[PDB]
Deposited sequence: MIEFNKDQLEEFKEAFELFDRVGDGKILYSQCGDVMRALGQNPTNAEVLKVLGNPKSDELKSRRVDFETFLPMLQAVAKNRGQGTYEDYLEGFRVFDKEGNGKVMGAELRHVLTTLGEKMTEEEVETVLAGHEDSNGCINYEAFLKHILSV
């Protein structure tokens, strides 16, 4: 990262600082990385975080300088399409089925998050054009 990148990232990091000490929580590290363009899994986030325990994940605070190596480590298309084509072959996906898989497998998200991101992308049958939804969420 260059000075400009470090400045933009530091500003964003400080926006996530809800205590004023120039720090975020470990549990916020993933959120900051995502705001900065990274897409790590919870497993990946905990690994770059050093597999923190619940207590330090929720209350131990780190400044930007300690966060930065973790961001670096995380930082260092056809599969995405086939992955969506898994759940199709007319280019659609049931809303119920996408909801079920996103709320019951892997690193489960909440139903409200899924409703929020899926709002307006499904048609009257309850089908999502996944190439368009994917381009939208990658933009």
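**Student:** Wait, which stretches of the deposited chain are just not there in the structure?
**Tutor:** Model skips 1-3, 80-85, 98-99, 151 of the deposited chain.
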